[PDB]
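Novice: A structural model of the following input is requested.
(chains A, B, C, D, E and F, ligands or ions: 4)
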Amino acid sequence: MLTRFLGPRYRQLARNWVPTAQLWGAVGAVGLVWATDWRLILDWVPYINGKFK
Amino acid sequence: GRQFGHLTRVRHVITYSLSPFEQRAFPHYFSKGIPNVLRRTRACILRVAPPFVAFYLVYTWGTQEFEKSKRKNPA
Amino acid sequence: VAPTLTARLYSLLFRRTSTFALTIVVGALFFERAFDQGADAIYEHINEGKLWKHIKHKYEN
Amino acid sequence: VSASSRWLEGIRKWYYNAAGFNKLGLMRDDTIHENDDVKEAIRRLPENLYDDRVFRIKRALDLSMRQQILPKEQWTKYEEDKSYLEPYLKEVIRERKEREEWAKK
Amino acid sequence: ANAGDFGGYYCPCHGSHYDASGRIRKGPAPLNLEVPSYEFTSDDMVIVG
Amino acid sequence: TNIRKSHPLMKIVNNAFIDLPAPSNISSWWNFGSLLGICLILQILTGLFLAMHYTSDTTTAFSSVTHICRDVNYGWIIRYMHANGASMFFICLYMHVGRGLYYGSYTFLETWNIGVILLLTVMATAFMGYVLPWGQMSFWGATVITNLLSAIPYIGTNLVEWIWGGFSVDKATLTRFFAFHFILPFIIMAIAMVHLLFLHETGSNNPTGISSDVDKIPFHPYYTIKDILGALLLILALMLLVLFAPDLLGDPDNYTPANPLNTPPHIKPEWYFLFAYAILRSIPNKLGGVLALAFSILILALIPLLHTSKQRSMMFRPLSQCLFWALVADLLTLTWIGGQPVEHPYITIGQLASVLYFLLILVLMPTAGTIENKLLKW
Ligand code: HEM
Ligand code: HEM
Ligand SMILES: COC1=C(OC)C(=O)C(C/C=C(/C)CCC=C(C)C)=C(C)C1=O
Ligand SMILES: COC1=C(OC)C(=O)C(C/C=C(\C)CCC=C(C)C)=C(C)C1=O
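Specialist: Numbers count the residues shown, from 1 in each chain, chains lettered A, B, ... in the order given. Ligands and ions are numbered 1, 2, ... in the order given. Structure data below:
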């Protein structure tokens, strides 16, 4: 019965909020990465190679 | 929230009450009482009882199979 | 290259709260490293008593 | 019409009797769960029905309290069971659904 | 020791059956029991670790 | 003006236990809320007096517990009241959740969801409690449990070792569990207040599931005394347990001091987790077992989304009643199986009961509601 949110306006709504939902996810990611010191993900970043090898 | 006087709209309903010091705490207690519990029981057995016996049975069978299983004749 | 400078920071990154956050988080990462090494080296210079001595004892393992 | 319809009708009558709101003088519509659509339909009821509905609920809550029930002759009989709320509820839903269609474009 | 369907090991917590090599054969245990780093210094001695 | 009604402090009391408009027809089943209230305080009070002699060190943990029962004046009742109160806390907890389910009470989303947090919290609380005496069951219980978390991919090993404070359930782990078992019940209380805060926006539901604004009574003579009579009944049950059968619900093995080399053939939880335990081991998988273990509790958060009936309570719904009682009966089976070895009968029945639990709540109960609506021409 979620057919209430299915139409052109809602489709326009979703798009208007995508760059924002996408940028919020970049915030969440880097934020998770930097806070746990994600070895796997971090080692690829040019500077911040404070784990030598 | 809530309060009294702001709950809902009610009209044309009279309520006769009597003081607790003028009536008995246990009127027909055994007289009207027991028939009611039997009636409440009838009303509900067919909905409460069956599931439980199904377990009672699954329990006794389940135990028998288990204990009888740790025994053996030939081979 | 000065009036237009904080202007660009605002235009490209501070306007949206999206970027604003992304920038301080990206900004927290680099800063941590620069402040850590940068302050270690200041703690390093005013001393020279701890593991500068390491070169001796070890290596012979 | 024939054998089958009466059989579905008697199954419905059977559930009704088993459901047991009748025993507390309630009508089916007195048992409906109150969401917004329903809260509005109650609101839209005319004076008489609204008053009757409160007395019924009161009569039942009272019975339900002392865990008693009405004498058999005063149980509400199936299909003498006026669905007083239905037309109001239906229209309130119809109104909401139109709002919802407009909200999509 | 010496319990289970495979004449090796049996873990009573959730029903893990192991064989004489320590391999998982029945139950929810994901891997075989860990084999430690070891060597024999003689015919009567074994140094584990 | 009065004094009760106007004073900042008394207002709160008045609005919660004196003039609070309550439905005139709530029955016992509504008593378990106050009874949980009593159990919470009873657990805190006997819990504090035990902390005045208990030692959180593996060297003296068991001994201090023994020191309490022989030497400390009346230390034994306090200890058994604590132990048995924890069980009383679970019997009440289970009545309460069930009452909510049968009666549709869960439609108060925030209240109920807060209730789920309250369930999890006392569960996390009681688990840590049982480890404290450092008995064989305390240690192996502590071991079997925590280790579940090692099934979480890529993070599980580090997570289990982080809460252990080592590679095993050792010194660091016991002291740790003391601290958390001390602070948790206070937090529970703050949450029980938020629970009651949300509850107050609507007032109580009642057996019929029909609104009761039309017939409310003050909580002030009626439910104060009915709660009183009911707490007295909780005392009877508790005291009957502690002054006549203090080990009846207890495991005689937690009486033998922890031995990290001696694995008892036994190895089972306290009874209140047996159903979840049964669901866990029904799965021939490490991840799935714990994924479904969790889901057997967190499903209470899915319940309001699976309400499908046009009526709120089950009072007028027969088909649904049967399905409900089959859920309770299925939960007896689950606990019974959970308290049994993973050998013959027991595996397949406990396996099918697990499926039934989820088939019932997730598919059968909703379907019944749709059918019932249809029979009523709704
Ligand atoms: C520390 C644990 C809990 C405490 C102290 C607590 C306390 C209470 C109290 C005092 C009431 C009002 C009286 C009553 O109906 O019993 C209540 C009602 C309720 N509780 Fe809890 N409860 C706790 C755990 C739960 C749990 C586990 C749930 C279910 C997830 C739950 C959901 C509800 C709901 C929905 C109601 C409303 C019931 C109705 O009005 O019909 N609470 N609780
Ligand atoms: C903050 C209040 C509480 C304190 C200070 C407290 C303190 C203690 C202490 C010191 C022990 C070890 C002594 C012993 O085993 O008898 C213990 C055991 C235990 N407590 Fe608590 N506790 C409190 C609230 C709770 C709560 C909320 C529960 C959950 C119902 C709980 C359930 C247990 C259990 C199951 C045990 C182990 C069984 C046993 O008695 O041997 N206690 N507690
Ligand atoms: C060793 O004996 C055992 C216990 O006694 C110490 C338990 O208590 C439990 C279950 C405990 C909990 C907390 C399950 C809930 C998990 C979540 C994510 C809500 C199991 C399985 C068990 O085997
Ligand atoms: C009208 O419905 C209600 C009852 O009748 C079923 C109660 O009995 C209680 C009892 C609650 C108490 C005494 C508070 C305990 C909480 C703590 C944290 C100690 C409440 C709130 C209620 O709303």
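Novice: and residue 16, how many neighbours?
Specialist: The chain I'm using is chain A. If you count neighbours by other CB atoms under 10 Å in any protein chain shown, residue A:16 ends up with 8. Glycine gets a C-beta too; all of them are placed from N, C-alpha and C.
Novice: wrong chain, I was asking about chain D
Specialist: Residues near residue D:16, counting by other CB under 10 Å, number 21.
Novice: state the distance from it to residue F:117.
Specialist: 40 Å (CB to CB, to the nearest Å).
Novice: what about the residue in the stretch 201-350 of chain F that ligand 3 sits nearest to, how many residues close to it?
Specialist: Ligand 3 sits closest to residue F:269 of the stretch 201-350 of chain F, with a gap of 2.9 Å, by CB to the nearest ligand atom. For residue F:269, the count of nearby residues is 22 (other CB under 10 Å).
Novice: same question, the one 3 residues further on
Specialist: Applying the criterion other CB under 10 Å, we find 21 residues in the vicinity of residue F:272.
Novice: that one reaches residue F:87, doesn't it?
Specialist: Yes. Between residue F:272 and residue F:87 there is a contact at 7.1 Å, judged by CB atoms under 8 Å.
Novice: how about the residue in chain C positioned nearest to ligand 1, secondary structure?
Specialist: Proximity of chain C to ligand 1 (CB to the nearest ligand atom) peaks at residue C:21, 35.2 Å away. At residue C:21, secondary structure determined by DSSP: H, G, I helix; E, B strand; the rest coil is helix.
Novice: name the SS class of the residue of chain B found nearest chain C, please.
Specialist: At 35.2 Å from chain C, residue B:1 is the closest residue in chain B, using CB to the nearest CB. Under three-state DSSP, the three-state class of residue B:1 is coil.
Novice: name the nearest residue to it, ignoring sequence neighbours.
Specialist: Using CB to CB, 6 or more residues apart in numbering or on different chains and skipping residues adjacent in sequence, the residue nearest residue B:1 is residue F:201, 6.1 Å away.
Novice: that neighbour: how many residues sit nearby?
Specialist: Neighbours around residue F:201, by other CB under 10 Å: 11.
Novice: hang on, isn't it packed against residue F:109?
Specialist: No. Using CB under 8 Å, residue F:201 is not in contact with residue F:109; the gap is 10.9 Å.
Novice: how far is stretch D:29-42 from where the chain is centred?
Specialist: For stretch D:29-42, the separation from the chain centroid amounts to 9 Å (computed by CA atoms, centre = their mean, to the nearest Å).
Novice: does the strand or helix carrying residue B:66 come close to chain F?
Specialist: If you go by DSSP states H and E, residue B:66 is part of helix B:33-69. Yes. For a cut-off given as CB under 8 Å from any CB of the partner chain, helix B:33-69 has contacts with chain F, namely B:44, B:47-48, B:50-52, B:54-55, B:58-59, B:61-63, B:65-66, B:69.
Novice: let me know the closest of those to residue F:23.
Specialist: Nearest to residue F:23, judged by CB to CB, of those is residue B:44 at 21.3 Å.
Novice: all strands for chain E, in order.
Specialist: If DSSP state E is used as the criterion, the strands of chain E fall at E:9-11, E:16-18, E:24-26, E:38-39, E:47-48.
Novice: closest to ligand 3 out of these?
Specialist: Taking CB to the nearest ligand atom, strand E:9-11 is the member of those nearest to ligand 3, at 12.6 Å.
Novice: next secondary structure after the top helix by length along chain D?
Specialist: Longest helix of chain D, by residue count under DSSP state H: helix D:47-65. Remark: after helix D:47-65, the chain's next helix or strand is helix D:86-102, criterion DSSP H and E.
Novice: residues in contact with that next one?
Specialist: Outside helix D:86-102, the residues that touch it by CB atoms under 8 Å, 6 or more residues apart in numbering or on different chains are A:4, D:29, D:32, D:37-38, D:40-41, D:44-45.
Novice: now, which of these lie close to chain C?
Specialist: Within the contacts of helix D:86-102, nothing lies near chain C by CB under 8 Å from any CB.
Novice: please convert the residues you listed to CSV, extending it with neighbour count and distance to residue F:264.
Specialist: Output for the contacts of helix D:86-102, formatted as CSV (neighbours: other CB atoms under 10 Å in any protein chain shown; distance: CB to CB, whole Å):
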residue, neighbour count, distance to residue F:264
A:4, 14, 57
D:29, 22, 60
D:32, 23, 56
D:37, 17, 58
D:38, 18, 57
D:40, 16, 62
D:41, 22, 62
D:44, 14, 67
D:45, 15, 67
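Novice: find the centremost residue of chain E, please.
Specialist: The structure's chain E has its C-alpha centroid closest to residue E:22; by CA atoms, centre = their mean the separation is 2.7 Å.
Novice: contacts only, for it.
Specialist: E:8-9, E:32-33, E:35.
Novice: what of residue C:28?
Specialist: Neighbour list for residue C:28: residue A:34 [criterion: CB under 8 Å, 6+ apart].
Novice: host element of it?
Specialist: Using DSSP H and E, residue C:28 falls within helix C:17-45.
Novice: again, but for residue A:11
Specialist: helix A:8-16.
Novice: between that helix and helix D:86-102, how big is the angle?
Specialist: 50 degrees (axes from the mean of the first three to the mean of the last three CA atoms, to 10 degrees).
Novice: ok so, going back, which of the contacts of helix D:86-102 sits closest to chain C?
Specialist: Among those, residue A:4 lies closest to chain C (CB to the nearest CB), at 28.2 Å.
Novice: ok, now how distant is the residue nearest to that closest one when sequence neighbours are not counted from residue D:92?
Specialist: Nearest residue to residue A:4, sequence neighbours excluded (CB to CB, 6+ apart): residue D:100, at 5.0 Å. To residue D:92, residue D:100 is 13 Å away according to CB to CB.
Novice: re the thing from before, next, format the contacts of helix D:86-102 as JSON lines and append secondary structure and distance to residue F:142.
Specialist: Output for the contacts of helix D:86-102, formatted as JSON lines (DSSP: H, G, I helix; E, B strand; the rest coil; distance: CB to CB, whole Å):
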{"residue": "A:4", "secondary structure": "helix", "distance to residue F:142": "49"}
{"residue": "D:29", "secondary structure": "helix", "distance to residue F:142": "56"}
{"residue": "D:32", "secondary structure": "coil", "distance to residue F:142": "51"}
{"residue": "D:37", "secondary structure": "helix", "distance to residue F:142": "52"}
{"residue": "D:38", "secondary structure": "helix", "distance to residue F:142": "51"}
{"residue": "D:40", "secondary structure": "helix", "distance to residue F:142": "55"}
{"residue": "D:41", "secondary structure": "helix", "distance to residue F:142": "56"}
{"residue": "D:44", "secondary structure": "helix", "distance to residue F:142": "61"}
{"residue": "D:45", "secondary structure": "coil", "distance to residue F:142": "61"}
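Novice: out of these, which one sits closest to ligand 1?
Specialist: residue D:32 (18.0 Å).
Novice: touching, residue F:54 and residue F:62? I think so.
Specialist: No. Residue F:54 is beyond contact range of residue F:62, at 10.5 Å (criterion: CB under 8 Å).
Novice: A helix includes residue F:262, no?
Specialist: No. Counting by three-state DSSP, residue F:262 is not found in a helix; it is coil.
Novice: list the backbone torsions phi and psi for it.
Specialist: Residue F:262 has phi and psi values of phi -100, psi 100 when expressed as degrees, to the nearest 10.
Novice: residue contacts, residue F:254?
Specialist: Here residue F:254 is in contact with F:130, F:133, F:135-138 (CB under 8 Å, 6+ apart).
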